[PDB]
Amino acid sequence: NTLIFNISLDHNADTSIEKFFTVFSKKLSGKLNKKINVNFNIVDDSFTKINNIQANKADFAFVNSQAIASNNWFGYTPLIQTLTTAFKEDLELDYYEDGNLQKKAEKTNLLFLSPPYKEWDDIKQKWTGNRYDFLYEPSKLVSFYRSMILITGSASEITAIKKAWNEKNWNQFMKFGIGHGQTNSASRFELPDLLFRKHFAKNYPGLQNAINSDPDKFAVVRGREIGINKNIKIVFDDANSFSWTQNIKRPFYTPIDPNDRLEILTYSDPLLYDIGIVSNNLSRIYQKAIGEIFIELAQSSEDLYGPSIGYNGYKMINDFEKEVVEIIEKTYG
Ligand SMILES: Cc1ncc(C[n+]2csc(CCO)c2C)c(N)n1
């Protein structure tokens with residue numbers, strides 16, 4: 001018997017990926033009293049992964065939490081919630097109506113600016129091979145993440161960007177240039193979009209409508225490349241992306257003027273971290289076994305894949321509605 005997983009590689013996962021599956025296979029064969037070999041295909045996009053499983057081309061994969069449902073007819077079942085190590089200034093899940101999104105960003109700025117990213121060192125900033133450990137609370141796992149909005153520019157520009165924000169003047173704000181991702185990206189499009197609807201009120205048309213209405217004021221820009229394109233001084237990213245983006249001696253997260261600033265304006269509402277889904281072509285017993293093997297590797301610190309992509313733990317999902325859907329509903333409505 002043989003299974004097929006879909007897997008994404010980040011950092012140096014590829015150097016240990018084969019052994020991880022040799023291990024996984026071993027443990028799965030033990031649990032199931034059978035010789036079972038687990039192969040993998042490398043796949044990046046959640047919708048391809050989901051489509052593969054629904055097409056009986058794959059048995060298991062981790063996918064964006066907002067891309068799935070728990071539905072008897074879908075051909076897969078949500079199996080495990082991935083967990084990630086909390087960031088220091090964000091141990092607790094909360095929303096815009098809790099007032100802490102901007103203030104959490106401010107606290108994080110304190111840790112992040114001095115020293116500046118470009119001077120970060122593997123030893124001083126405690127690079128683990130996957131992340132700069134000085135930004136995390138290793139004794140704490142959480143099941144959520146957020147988007148963040150980075151801003152950059154001269155000292156007076158940064159003051160004008162913040163001014164526009166606090167006054168809730170959308171047209172003034174957008175005129176600084178906004179860098180985004182694909183329209184189906186939570187961190188680089190949807191979460192920022194939702195945050196604006198909550199923050200800006202009437203004057204907000206929605207992000208896509210704004211882009212159509214004034215294309216020159218928007219562009220696709222990665223957070224790590226902010227400042228590179230003048231004309232775009234506001235950029236969306238996964239919250240605290242610099243934490244797992246290794247500074248290697250232009251530098252990332254670094255303006256093209258040493259006098260210019262770069263900081264986090266605010267965070268977005270939260271979303272659940274990725275979820276492992278499993279094919280319904282497998283018996284419930286096989287499904288649970290797969291899930292347990294992940295949980296157990298994490299508990300024994302023998303998981304050599306998870307951490308490479310921010311999966312520092314796992315837990316079983318027992319009530320998807322309560323544990324997933326109701327959480328997502330507070331962010332998306
Ligand atoms: C160590 C590490 N931490 C976080 C990420 C980014 N990431 C991986 S899965 C996920 C949630 C769904 O987007 C995010 C933000 C990474 N690549 N590596």
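One is the number of the first residue; the rest follow in order along the sequence.
Under a cut-off of 6.0 angstrom, the local environment of CG in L110 is crowded, with over 12 non-hydrogen atoms contributed by other residues, nucleotides or ligands. The environment of CG in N166 is crowded: more than 12 heavy-atom neighbours from other residues, nucleotides or ligands sit within 6.0 Å. Residue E97 qualifies as enclosed at atom CD: its count of foreign heavy atoms under 6.0 Å is above 12. The local environment of CG in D319 is crowded, with over 12 non-hydrogen atoms from other residues, nucleotides or ligands closer than 6.0 Å. Applying the 6.0 Å contact sphere to NZ of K31 captures more than 12 heavy atoms from other residues, nucleotides or ligands. Atom NZ of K140 is surrounded by 12 or fewer heavy atoms from other residues, nucleotides or ligands within 6.0 Å. Shown here is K126, whose NZ atom has no more than 12 heavy atoms of other residues, nucleotides or ligands within 6.0 Å.
Here the side chain of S308 pairs a donor or acceptor atom with the backbone of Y305 at under 3.5 angstrom. Between the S70 side chain and the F320 main chain, no donor and acceptor come within less than 3.5 Å of each other. Between the side chain of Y273 and the main chain of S65, no donor-acceptor pair closer than 3.5 Å is present. A donor-acceptor pair is defined here as one N or O able to donate and one able to accept, closer than 3.5 Å; no such pair exists between the side chain of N64 and the backbone of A67. Between the side chain of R188 and the backbone N or O of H180 there is at least one donor-acceptor pair closer than 3.5 Å. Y95 places no side-chain N or O within donor-acceptor distance of the main-chain N or O of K330, the cut-off being under 3.5 Å. Between the side chain of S29 and the main chain of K34, a donor-acceptor pair closer than 3.5 Å is present. Between the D121 side chain and the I123 main chain, a donor and an acceptor come within less than 3.5 Å of each other.
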Exercise. I would like to know whether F200 and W165 meet ring-ring contact (aromatic ring centres under 6.0 Å, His included); could you show each step before the answer?
Key: CA-CA 8 Å; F200 279 108; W165 175 263; 5.3 Å; yes
Exercise. Apply side chain to side chain contact (heavy atoms under 4.5 Å, CB included) to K88 and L135, showing your working.
Key: CA-CA 6 Å; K88 298 192 72 63; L135 298 163; 5.6 Å; no
Practice problem: Would you sort out whether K162 and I151 count as a side chain to side chain contact (heavy atoms under 4.5 Å, CB included), showing the intermediate values? | Solution: CA-CA 9 Å; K162 300 186 66 157; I151 65 187; 4.1 Å; yes
Quiz prompt | Candidate pair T254 and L262, rule side chain to side chain contact (heavy atoms under 4.5 Å, CB included), full reasoning | solution = CA-CA 7 Å; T254 279; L262 166 59; 6.0 Å; no
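Counting only N and O atoms by type, the side chains of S279 and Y286 include no donor and acceptor under 3.5 Å apart. Side-chain contact annotation: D238 with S187, donor-acceptor N/O pair under 3.5 Å present. With no hydrogens or angles considered, no side-chain donor-acceptor pair links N37 and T2 at under 3.5 Å. For the residue pair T245 / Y253, a side-chain donor-acceptor distance below 3.5 Å is found, with atom types taken as modelled. Neither side chain, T82 nor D274, offers a donor N or O lying under 3.5 Å from an acceptor on the other.
Here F87 and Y136 bring their ring centres to under 6.0 angstrom of each other. Ring to ring, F5 and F40 are not that close: their centroids are 6.0 angstrom or more apart.
With respect to the salt-bridge test (charged N to carboxylate O, under 4.0 angstrom), the residues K27 and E296 do not qualify.
Partner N240 forms a side chain to side chain contact (heavy atoms under 4.5 Å, CB included) with one of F112, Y145, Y267 and no other, that one being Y267. Each of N109, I149, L101 was checked for a side chain to side chain contact (heavy atoms under 4.5 Å, CB included) with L265, and the lone residue meeting it is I149.
Looking at residues two or more places apart in sequence or on another chain, you find a side-chain contact (heavy atoms from CB on, under 4.5 Å) between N203 and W170.
Follow the hydrophobic side-chain contacts under 4.5 Å out from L113 and you reach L150 in the same cluster.
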